[PDB]
Each structure stands twice: as C-alpha cells, then as structure tokens.
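*Asks:* Give me a model of this one.
(2 chains, ligands or ions: 12)
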Protein chains: 2
Amino acid sequence: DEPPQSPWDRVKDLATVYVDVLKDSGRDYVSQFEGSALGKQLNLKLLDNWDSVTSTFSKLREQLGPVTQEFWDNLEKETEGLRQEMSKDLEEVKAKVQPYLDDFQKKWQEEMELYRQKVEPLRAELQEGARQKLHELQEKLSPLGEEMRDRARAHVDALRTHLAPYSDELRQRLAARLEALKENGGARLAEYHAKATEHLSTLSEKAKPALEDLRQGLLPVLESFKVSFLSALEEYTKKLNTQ
Amino acid sequence: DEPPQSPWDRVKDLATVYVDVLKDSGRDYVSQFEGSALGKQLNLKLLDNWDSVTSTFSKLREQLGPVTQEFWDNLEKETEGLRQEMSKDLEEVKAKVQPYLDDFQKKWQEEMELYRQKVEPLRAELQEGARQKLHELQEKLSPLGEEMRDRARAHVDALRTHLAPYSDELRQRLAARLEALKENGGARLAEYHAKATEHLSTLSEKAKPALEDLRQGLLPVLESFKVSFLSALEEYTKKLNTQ
Ligand SMILES: CCCCCCCC/C=C/CCCCCCCC(=O)O[C@@H](COC(=O)CCCCCCCCCCCCCCC)COP(=O)([O-])OCC[N+](C)(C)C
Ligand SMILES: CCCCCCCC/C=C/CCCCCCCC(=O)O[C@@H](COC(=O)CCCCCCCCCCCCCCC)COP(=O)([O-])OCC[N+](C)(C)C
Ligand SMILES: CCCCCCCC/C=C/CCCCCCCC(=O)O[C@@H](COC(=O)CCCCCCCCCCCCCCC)COP(=O)([O-])OCC[N+](C)(C)C
Ligand SMILES: CCCCCCCC/C=C/CCCCCCCC(=O)O[C@@H](COC(=O)CCCCCCCCCCCCCCC)COP(=O)([O-])OCC[N+](C)(C)C
Ligand SMILES: CCCCCCCC/C=C/CCCCCCCC(=O)O[C@@H](COC(=O)CCCCCCCCCCCCCCC)COP(=O)([O-])OCC[N+](C)(C)C
Ligand SMILES: CCCCCCCC/C=C/CCCCCCCC(=O)O[C@@H](COC(=O)CCCCCCCCCCCCCCC)COP(=O)([O-])OCC[N+](C)(C)C
Ligand SMILES: CCCCCCCC/C=C\CCCCCCCC(=O)O[C@@H](COC(=O)CCCCCCCCCCCCCCC)COP(=O)([O-])OCC[N+](C)(C)C
Ligand SMILES: CCCCCCCC/C=C\CCCCCCCC(=O)O[C@@H](COC(=O)CCCCCCCCCCCCCCC)COP(=O)([O-])OCC[N+](C)(C)C
Ligand SMILES: CCCCCCCC/C=C\CCCCCCCC(=O)O[C@@H](COC(=O)CCCCCCCCCCCCCCC)COP(=O)([O-])OCC[N+](C)(C)C
Ligand SMILES: CCCCCCCC/C=C\CCCCCCCC(=O)O[C@@H](COC(=O)CCCCCCCCCCCCCCC)COP(=O)([O-])OCC[N+](C)(C)C
Ligand SMILES: CCCCCCCC/C=C\CCCCCCCC(=O)O[C@@H](COC(=O)CCCCCCCCCCCCCCC)COP(=O)([O-])OCC[N+](C)(C)C
Ligand SMILES: CCCCCCCC/C=C\CCCCCCCC(=O)O[C@H](COC(=O)CCCCCCCCCCCCCCC)COP(=O)([O-])OCC[N+](C)(C)C
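*Replies:* Residues are numbered from 1 along each chain as shown, chains lettered A, B, ... in the order given. Ligands and ions are numbered 1, 2, ... in the order given. Here you go:
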C-alpha cells in the first residue's frame, strides 16, 4: 500500500488502536495491583542472591569484551569521512555566504537607518533643552567669581610686617656670577666708549653733507622705480597656501 | 594690494615673488646700490667699521674662550650650600607656624561661611527644577530604552520568518556521525535488551511468594499485547516481522 505522507487516505484509520494498546493496560492494571499485595511475606535470605549477582557482574566483562573492540573501528569511517568532507564543507558554506546579501543588507538597514531615527530628534531635544543648563553654567561661574577673587588674596600673609630694621638677619652675596658680571660689565664700559670715539668723530665730520650723500644714493635708485620695477612691485606679497 | 610681508619661514612659496622681482628689477637695484656706495666719501667706510663687528664676534668667542673652558669652578660652593640648605632649613619653620594659626581661624570663616551663603541658593532653583529636566529624560527613556531593548532582538534575530514557505534552498547533512551511533548504539541497544532479559531474570530465581501472587497481573500486559497485531498495513506480513 501507501508511501510516507501524500497517500495518507486510509493509511491510517486502524492507526488509533495502536495507542489503545498502551492506554488500556492502564484501564486494567488498576484492577490488578490489588491481588499481588495480598500475599506479601517471605522466607528469602541474603546469601542466595550473591551467586546470581556474582555471575551477573561477570556478565558485564564478557560482552563488554567484543563491544569494546567494536565502537572504535566504527568511528574512523566517520573521522576519515570528516577529514575528506572537510574540503567539501569549506566550498558548501561559500555557496551560502554570498547569496545571503539581501538579508544582511535588510538587517544593516534595520540597524543603521533605525539608529539615526533615534539620534536625529535626540540631538535637538538635548541641544534645545540644554539652554536651561547653559544658564546653570553662565549664571553660576561669575557669581562664584565675586568671592573666589578675594579667596585668592584674603588669605596671603600679614606681608611679614617688621616693627624694627633688625627683625630679619639677612645677607647678600652671589660672587658666583657677581665677579664675572662686573668684568662683563667693565669690559662692556670700555667697549661702549671705544665703539663711540671713532663713531663720534665719523658723526661730527658730516654736520651738512649728511642729508645729501644720502640723496646721491637715492637719485638714480629713484628714477628706475617708476619704470623697470612696476610689474614686480604690483604684486608685493604672495604667500601662505602651499605651491 | 594684499598683506605686504611674510607669515612664516619660507624658502619655497615666495618663488611667485622671487622669480618676477629678479626678472624685472631685483637685478638692477644691486648695481644702483654699487654706484650709491662707489659715489661720495664713502666706499672705504663700509669696511673700516664692519670688521670691528667681525672681530667683536671673534673677541666675544675668544674672550668667552678662556672664560669658556676655565670658569664653572668659582661658583659650585653656593649650591654645595643648597643641598645642605634644603636638608637643614629646620630652624625657621617649627617657630614660624604657631602664632599665625590664630588668624587662620578668621579666614576659614571668610572662605567657608561666604561659600554656603551662595552654594545653597546656587542650587535651590535647579535641585527642585531638575523635575523639569526629568520630563526631557523619563518620557525619553522610551526612544533611548523601550526600543533599544527591542534592538537586542533586532541584532540577533529580527526573526527569519518568510512571507511564503518557498524561500530557503535547504538539505540534510546527512552522513557519518548519525549512522555511526545508529549502528554501534543500535546493536548495543539490542544487547542492552539481552543484558536486561538476562540480568532481570537472575532476580526471579530468588523471587516468591505466594502462588496467587503471580496470576493476577497477566491480563493488562496480555490484553495490550493481544490488540497490537491491528497494524494490518494493509499487507499482513510486514517484511520486517519486527512489526
Ligand atoms: C529483588 C528486588 C525486587 C523488588 C520488588 C519487590 C517488591 C515486593 C513487594 C511489594 C509490594 C508493596 C509492599 C509495600 C509494603 C508496605 C507496608 C504496607 O502496609 O503495605 C500495604 C499497604 O500499603 C499501603 O497502604 C501503601 C500503598 C502500597 C505501597 C506503595 C509504596 C511501596 C514502597 C514503600 C516505600 C518505603 C520507603 C521507606 C524505606 C526506608 C500493602 O499490602 P496490603 O495489600 O495492604 O496487605 C497488607 C495487609 N492488610 C490488608 C491487612 C493491610
Ligand atoms: C651657544 C653659546 C652661547 C653663550 C651665551 C652666554 C651668555 C652669558 C650671559 C651673560 C650675562 C651675565 C649678566 C650680566 C649682568 C650685568 C649687571 C651689572 O653688572 O649691573 C651693573 C650696571 O649695569 C651695567 O653696568 C651692565 C649693563 C649690561 C649691558 C647689556 C649687555 C647686553 C648683551 C646682549 C647679548 C644678547 C645675547 C646674544 C644672542 C642673541 C652694576 O649695577 P650697580 O652696582 O647698581 O651700578 C652702580 C654704578 N657702578 C657700577 C659704577 C658702581
Ligand atoms: C640667555 C640664554 C642663553 C642660552 C645659551 C647659553 C649657553 C651657555 C654655555 C654653553 C656651553 C659652555 C661649555 C663650557 C665648558 C667648560 C667646562 C670646564 O671644564 O669648566 C670647569 C668645570 O667643569 C666641571 O666639571 C663642571 C661642569 C658642569 C657645568 C654645568 C653648568 C650649568 C650652569 C647653568 C647656569 C644657567 C642656568 C639658566 C638660568 C636659570 C673646569 O675648568 P678648569 O679646567 O678647572 O679651568 C682651569 C682652572 N680654573 C677654573 C681655576 C681657572
Ligand atoms: C571583508 C570581510 C568579508 C566577510 C564576509 C562574512 C560573511 C558572513 C556570512 C555568513 C553566512 C551565514 C549563513 C547566512 C545564510 C546563507 C544563505 C541562505 O539563506 O542559505 C539558505 C538558508 O540558510 C541556510 O542554509 C544557512 C544554515 C546556517 C546553519 C548554522 C550555521 C552556524 C554558524 C556559526 C558560526 C559562524 C561564524 C561566522 C564568522 C564570521 C537558503 O538557500 P540559499 O543559499 O539562499 O539559496 C537560495 C536559492 N538561490 C541560490 C537560487 C537564490
Ligand atoms: C535493601 C533493599 C535491597 C533491594 C535490592 C534490589 C536489587 C535487585 C533489583 C531488582 C529489580 C527487579 C527488576 C525486575 C524486572 C522484570 C524482569 C522480567 O522481565 O522478568 C523477570 C520477572 O520476575 C521478576 O522480576 C521477579 C521479582 C521478584 C520480587 C521478589 C520479592 C523481593 C522483595 C525485595 C524488596 C526490596 C525493596 C527495595 C527496593 C529498592 C524474570 O522472569 P522469570 O520469573 O525468570 O521467568 C521464568 C521463566 N524463565 C526463567 C524461562 C524466564
Ligand atoms: C525499571 C527497570 C526496567 C524493568 C523492565 C522489566 C520488564 C521487561 C518486559 C518484559 C515483558 C515481556 C515478557 C515476555 C512475553 C513473551 C510473550 C508471551 O508471553 O508468549 C508466550 C505466551 O504463553 C504464556 O503465557 C507462557 C508463559 C509466559 C507469560 C509471560 C507474560 C508476562 C506477564 C507480565 C505481567 C506483569 C504485570 C506488571 C504490572 C506492573 C509464549 O507463546 P506460546 O508458547 O505460543 O503460548 C502458548 C499459549 N497459547 C497456546 C494460548 C498461545
Ligand atoms: C555599548 C553600549 C550598549 C548599550 C546597549 C543598551 C541596550 C538597552 C538597555 C536597557 C533596556 C532599556 C531600558 C529599560 C528600562 C525599563 C523599562 C520597563 O519597565 O521594562 C521594559 C522591559 O525591559 C527589558 O526588556 C530590558 C531589556 C534589556 C536589553 C539589553 C540588551 C543588550 C544588547 C547589547 C548586547 C551586546 C553584547 C555583545 C557581546 C558581548 C518594558 O517592560 P516589558 O514587560 O518588557 O513590556 C511589556 C509591555 N508594555 C511595555 C506595554 C508594558
Ligand atoms: C538558517 C537556519 C539556521 C539553523 C541553525 C540551527 C543551529 C544548529 C546548526 C545546524 C543545523 C541546522 C538544521 C536546520 C536547517 C533549517 C531547517 C531544515 O532545512 O530542516 C530540515 C533539514 O535538516 C537539516 O538540514 C539537518 C542538518 C543535519 C542535522 C542537524 C545538525 C545539528 C548541528 C548542531 C551543532 C551545535 C551542537 C554543538 C554541541 C557541542 C529538516 O526538517 P524539515 O525542514 O522540517 O523537514 C521537512 C521536509 N523537507 C526537508 C523536505 C522540507
Ligand atoms: C523509567 C523511564 C522509562 C524507561 C523506558 C525504557 C524503554 C526500554 C525499551 C526496550 C529495551 C530495548 C529494546 C531493543 C530492541 C532491539 C531490536 C529491534 O527492535 O531492532 C530493530 C529496530 O531497531 C530500532 O528501532 C533501533 C532503535 C533506535 C533508537 C531509539 C532510542 C530511544 C531512546 C529513548 C530514551 C528515553 C530516555 C531519555 C533520558 C534522557 C531493528 O532490527 P530489524 O532490522 O527489525 O530486524 C529484522 C530484520 N533483519 C533480520 C534483517 C535484521
Ligand atoms: C512505584 C513503582 C514501583 C512498584 C513496585 C511493585 C513491586 C512488585 C514486584 C514484584 C512482586 C512479584 C510477585 C510474584 C513472584 C512469583 C515468583 C515465582 O515463583 O515466579 C516464578 C515465575 O513465574 C512468575 O509468575 C514470575 C512473576 C514475577 C514477575 C514480576 C516482575 C514483572 C513486571 C515488571 C514490570 C515493570 C516494572 C517497572 C518499574 C518502574 C519463578 O520461576 P519458575 O519458572 O517457576 O522456577 C522454576 C520452578 N520452581 C520455582 C518450582 C523451582
Ligand atoms: C516503553 C513503555 C514501557 C512501560 C513499562 C512496561 C512494563 C512491562 C510489563 C510487564 C513485564 C513482565 C515480565 C515478566 C516475564 C515473565 C516470564 C515468565 O516465565 O512468565 C511468568 C508470567 O507471569 C509473570 O511474570 C507476571 C506476574 C504478574 C504479577 C506482577 C506483580 C507486579 C510486579 C511489578 C514489578 C515491579 C518491579 C520494579 C523493579 C525496578 C510465569 O508464567 P507461568 O505462570 O509459569 O505460566 C504458566 C501458568 N500456570 C502456572 C497457571 C500453568
Ligand atoms: C631652569 C633650571 C635652572 C637650574 C639652575 C642651573 C643649574 C645649576 C646646577 C648645576 C650645574 C653645575 C654642575 C657642576 C658639576 C660639578 C662637578 C664636581 O664634582 O664638582 C664638585 C663641586 O660641585 C658641586 O658639588 C656641584 C655644585 C654646582 C652648582 C651650580 C653652579 C652653576 C654655575 C653657573 C655659573 C655661570 C657663570 C657666568 C658665566 C658668564 C667637586 O668640586 P670641588 O673639589 O669642590 O672643587 C673643584 C675646584 N677646585 C679643585 C679648584 C676647588
């Protein structure tokens, strides 16, 4: 008759009596736990069992024997399959990896387009509300200020107020530079008057031509500035911004 | 015009001035300067007190030549000082502090009295008016929270339910690990039956009592048994007579 699923027609109406098997054991064992309990006593002992149990414990070792030599041999033909099918699954999963794109783009869209949806109002609902907290900073800092400025001074010494000249004992030294400082200040004193005596004579030579030896060095340096120099001196500048 | 002179060091970008200036006129200025120097007094006095500056840079490095080399000796003693000082500076200090402690009282009462005088009413508006800011937050823990919650599923997974069954191209593993346990668990399940049929029989050798105690419990296990052949097929021979 009929294959696994499609031809289910009358395979099976006489199915539901195969549960009536299991079911109606419990319709009847209810009447039949009554009469075993009625006779319960014995003459047993704790000796006769240990013949049975000693043999029955032997009857683990014997058929463990060959079964132990079985599910070893059996699982290399899984692992030898596995270590060759290793190369097949690495191309099998690739043939699923790239086709999925529509799904992981829809998940990207359900994460990225629905990330900005929350932040786009929240940026403004923080900025427009934080003006009441800009006033919590702007009208806090300067009214601290007015006591904080005296709390920088109030607050620093008596200015070590002396009632007599002899209320420090102190001394001044520093010969470490002060001696070399006097020599660098006394070589300097002779330098700034040697480099004045030749200059004072070079100065006071020229109390007339001084305005016009200067002009003789302007005269032809002028006339070209309005002619040859004009395109050069129309730029003046450039500049900042790398070339 | 534009900004006349140079913001920064600049060998490189000033080429846009240096080319065009030299091309038209930054040539001839040097030869009109040559004729400004060779005309009047004067061509001797650009030299006569130039090498007095050359020999001042020489006389600096050759005076600060034997006062280079021969000089960080006359001064060490001042800081052979300082290491003794900043280890013996004791005797000011444990006499200094004691009397000024008396005005340090009437300055904690400048610094801290005038602080809480502001710092209570500095926050007496916005400790109460924090409950304005909580309507800009507690009513916003829905778009910050209640659907950032639902994003725990939108990450993993925004359920892969299809709008029609015709969707996934799917097929079984099927081979290796599953057949390997179905055969060497299979035949071991059959010997678990044999070791049950053996080991559970060994115990009835030392059963008893009472002679009525056995023949009550037959019928529920024997009637479930009797209907079990209902299977039909409708073939009646099964081909596995393990059926
Ligand atoms: C090799 C191994 C083989 C294993 C299978 C061997 C099985 C051997 C036997 C087995 C049969 C069961 C014997 C139970 C005896 C209990 C005493 C009793 O009064 O029984 C009775 C009442 O019992 C009830 O009132 C309780 C319900 C029945 C017992 C169910 C629990 C059993 C486990 C307990 C857990 C204890 C836990 C604490 C342990 C420290 C049952 O008998 P009765 O029909 O009433 O007749 C008595 C006389 N009368 C009618 C005048 C009253
Ligand atoms: C890589 C190697 C580099 C080496 C570097 C080495 C560096 C070494 C460093 C050396 C500096 C040492 C300190 C000197 C301090 C002098 C103070 C002093 O004597 O004061 C005197 C007055 O004042 C003068 O007589 C002094 C005037 C100083 C002129 C300025 C020199 C500037 C040089 C610029 C160079 C710029 C740097 C150049 C580079 C850009 C005394 O004061 P008084 O007692 O009250 O006077 C009363 C009158 N009475 C004196 C007549 C009685
Ligand atoms: C304004 C900005 C200026 C910047 C440029 C400045 C550049 C300046 C300099 C630049 C370089 C100069 C090099 C000179 C070397 C001389 C070495 C030598 O042998 O000397 C001697 C010590 O020698 C010792 O062993 C001491 C070495 C420690 C020197 C550290 C000094 C730092 C002072 C920092 C202070 C300022 C801190 C800053 C202010 C807070 C030994 O000499 P000698 O063989 O015994 O000689 C013959 C015998 N005789 C001595 C009796 C005659
Ligand atoms: C530059 C960096 C680049 C990185 C790229 C990363 C890529 C990441 C991608 C990874 C791919 C993940 C699977 C996505 C779905 C595959 C396609 C599909 O839907 O297949 C099928 C259903 O789905 C299945 O058959 C999949 C079965 C998954 C089993 C559980 C795997 C556990 C992995 C746990 C450990 C994983 C560790 C991962 C670590 C990252 C449906 O069939 P189809 O094939 O669609 O064919 C349809 C017919 N057609 C072909 C004609 C149209
Ligand atoms: C301190 C307590 C120690 C307990 C240790 C227990 C350890 C042991 C575990 C025991 C578990 C028992 C499992 C039995 C399962 C049925 C097996 C079956 O299919 O056939 C059997 C049914 O016969 C029996 O099972 C006999 C039961 C006798 C009970 C005797 C009373 C003992 C009281 C004890 C009170 C204990 C209370 C405590 C319980 C925790 C065999 O059939 P057959 O009769 O051989 O058939 C004859 C023909 N043939 C030979 C051709 C086949
Ligand atoms: C927790 C740990 C696990 C324990 C698991 C332990 C359980 C393991 C499970 C075991 C269940 C299976 C047992 C074997 C059944 C064999 C089939 C059969 O009996 O055929 C025989 C029927 O002939 C007989 O009646 C002869 C005597 C055997 C009867 C066995 C009935 C068991 C009733 C048990 C009641 C217990 C109530 C308990 C209530 C709670 C032989 O066929 P035949 O020779 O053609 O028949 C001649 C007669 N004719 C001419 C009429 C046909
Ligand atoms: C980097 C920073 C990440 C931040 C993530 C922040 C996540 C958000 C944080 C917190 C959740 C949002 C705030 C909830 C406030 C309570 C609201 C309410 O009362 O309860 C709510 C439930 O609440 C839950 O369902 C809690 C959800 C926790 C999800 C954590 C996901 C972590 C994802 C990342 C993991 C990465 C792991 C990476 C691998 C290591 C609602 O109650 P209900 O009973 O459910 O609703 C019934 C219907 N009713 C509403 C009509 C009544
Ligand atoms: C995108 C899905 C991701 C699922 C991932 C789930 C996670 C597990 C990963 C992977 C197993 C995924 C199997 C289900 C595939 C989807 C359903 C399907 O096609 O089932 C079918 C194919 O059945 C199979 O393809 C069976 C695959 C081999 C056995 C299960 C291996 C479990 C690995 C566990 C590894 C971890 C254990 C680690 C322990 C340390 C069968 O069912 P059906 O379709 O109802 O059949 C109707 C008939 N039809 C097929 C003709 C229509
Ligand atoms: C107290 C609590 C309840 C305990 C209930 C214990 C019940 C114990 C019950 C019975 C004891 C064992 C009986 C074994 C019978 C073997 C013979 C057999 O029928 O073989 C056949 C079927 O083979 C199959 O059906 C294979 C079984 C598949 C695995 C099912 C596991 C269920 C685990 C459930 C785990 C649940 C627990 C989960 C716990 C987390 C194959 O052989 P054949 O091909 O038909 O042979 C004829 C043809 N030939 C000649 C060509 C060969
Ligand atoms: C809350 C749950 C626990 C309830 C506890 C209830 C405890 C009650 C338990 C046990 C009480 C058993 C009382 C009857 C003992 C009679 C002994 C008799 O002589 O037998 C004879 C067999 O013939 C028989 O009829 C064997 C009967 C024992 C079967 C018991 C287990 C089967 C059910 C298992 C159901 C699954 C259990 C699943 C458990 C999860 C002995 O063999 P023989 O061939 O005659 O020997 C040769 C002739 N000669 C003797 C003259 C030399
Ligand atoms: C997947 C769902 C599984 C559900 C569970 C399935 C359970 C499986 C159900 C049943 C298992 C049955 C196995 C017994 C095999 C016996 C073989 C024997 O030779 O036949 C015997 C049959 O009679 C007895 O064995 C039955 C005795 C009935 C009383 C039982 C009391 C309760 C035992 C409860 C035990 C609790 C212990 C618990 C310990 C852990 C003896 O036959 P006989 O009488 O010589 O025949 C000749 C007749 N004449 C003398 C009249 C001429
Ligand atoms: C912003 C930061 C600023 C920090 C401050 C600057 C850094 C300052 C810190 C250190 C620089 C100097 C290091 C000196 C190393 C000495 C080596 C040695 O073993 O000497 C030892 C002593 O010497 C001491 O124990 C060290 C004391 C040095 C003090 C500083 C002098 C700087 C002078 C700058 C002067 C500029 C002058 C003006 C020039 C125009 C042992 O020597 P001796 O045996 O006792 O005597 C040798 C000679 N005799 C044999 C002839 C007696």
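
*Asks:* okay but residue A:121 is in contact with residue B:140, surely?
*Replies:* No: contact criterion C-beta atoms under 8 Å: residue A:121 and residue B:140 do not qualify, at 9.1 Å. Backbone N, C-alpha and C define where each C-beta goes, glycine included.

*Asks:* Between these two, tell me which one has more neighbours.
*Replies:* It is residue B:140, of residue A:121 and residue B:140, that has more neighbours when counted by other C-beta atoms under 10 Å in any protein chain shown, with 17 against 12.

*Asks:* mind checking how far the spatially closest residue to the more buried one that is not a sequence neighbour is from residue B:141?
*Replies:* Excluding the flanking residues, the one nearest residue B:140 by C-beta to C-beta, 6 or more residues apart in numbering or on different chains is residue A:125, at 6.8 Å. Using C-beta to C-beta, to the nearest Å, residue A:125 is found at 12 Å from residue B:141.

*Asks:* the more surrounded of those two?
*Replies:* The residue with more neighbours, out of residue A:125 and residue B:141, is residue A:125; 14 against 10, by other C-beta under 10 Å.

*Asks:* Show me which parts of the particular helix or strand that has the more buried one in it are buried, residue by residue.
*Replies:* In this structure, residue A:125 sits in helix A:101-127 according to DSSP states H and E. With burial defined by 16 or more other C-beta atoms under 10 Å in any protein chain shown, the residues of helix A:101-127 counted as buried are residue A:107.

*Asks:* what does stretch A:220-231 give?
*Replies:* Within stretch A:220-231, judged by 16+ other C-beta under 10 Å, the buried ones are residue A:229.

*Asks:* List of residues touching that stretch?
*Replies:* By C-beta atoms under 8 Å, 6 or more residues apart in numbering or on different chains, the residues outside stretch A:220-231 that reach it are A:233, B:20, B:24, B:25, B:28, B:29, B:32, B:33, B:35, B:36.

*Asks:* does residue A:91 sit in a helix, a strand or a coil?
*Replies:* Three-state call for residue A:91 (DSSP: H, G, I helix; E, B strand; the rest coil): helix.

*Asks:* what separates it from residue A:62, distance-wise?
*Replies:* Taken as C-beta to C-beta, the span from residue A:91 to residue A:62 is 48 Å.

*Asks:* cool, residue A:133 as well?
*Replies:* 85 Å.

*Asks:* of these two, who's got more company?
*Replies:* Neighbour count, other C-beta under 10 Å: between residue A:133 and residue A:62, residue A:133 has more, with 13 against 9.

*Asks:* Can you tell me the element the more buried one falls in?
*Replies:* Residue A:133 belongs to helix A:131-138, assigned by DSSP H and E.

*Asks:* Convert that helix to CSV, retaining C-alpha atoms only.
*Replies:* Listed in CSV are the C-alpha atoms of helix A:131-138, where the atom choice follows Å, rounded to 0.1, in the frame of the first residue of the first chain:
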residue,chain,number,x,y,z
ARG,A,131,19.9,76.1,27.2
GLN,A,132,18.4,75.9,30.8
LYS,A,133,21.7,74.2,31.8
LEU,A,134,23.9,76.7,29.8
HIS,A,135,22.1,79.2,32.2
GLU,A,136,23.2,76.8,35.1
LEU,A,137,26.8,77.4,34.0
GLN,A,138,26.7,81.1,32.7
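
*Asks:* Helix or strand next in line after it, which one?
*Replies:* helix A:141-148.

*Asks:* returning to what we had before: which strands or helices does the helix holding residue A:125 pack on?
*Replies:* helix B:151-155 (3 or more C-beta pairs under 8 Å, 6 or more residues apart in numbering or on different chains; DSSP states H and E).

*Asks:* does any part of the helix it packs on sit near ligand 7?
*Replies:* Yes: applying C-beta under 6 Å from any ligand atom, one finds helix B:151-155 touching ligand 7 at residue B:152.

*Asks:* Quick one: end-to-end distance for stretch A:225-239.
*Replies:* End-to-end distance of stretch A:225-239: 23 Å, with C-alpha to C-alpha, to the nearest Å as the criterion.

*Asks:* okay but residue A:71 is in contact with residue B:182, surely?
*Replies:* No: using C-beta under 8 Å, residue A:71 is not in contact with residue B:182; the gap is 11.9 Å.

*Asks:* Of the two, which one has the most company?
*Replies:* Neighbour totals were compared for residue A:71 and residue B:182, and residue A:71 leads with 15 against 11 (other C-beta under 10 Å).
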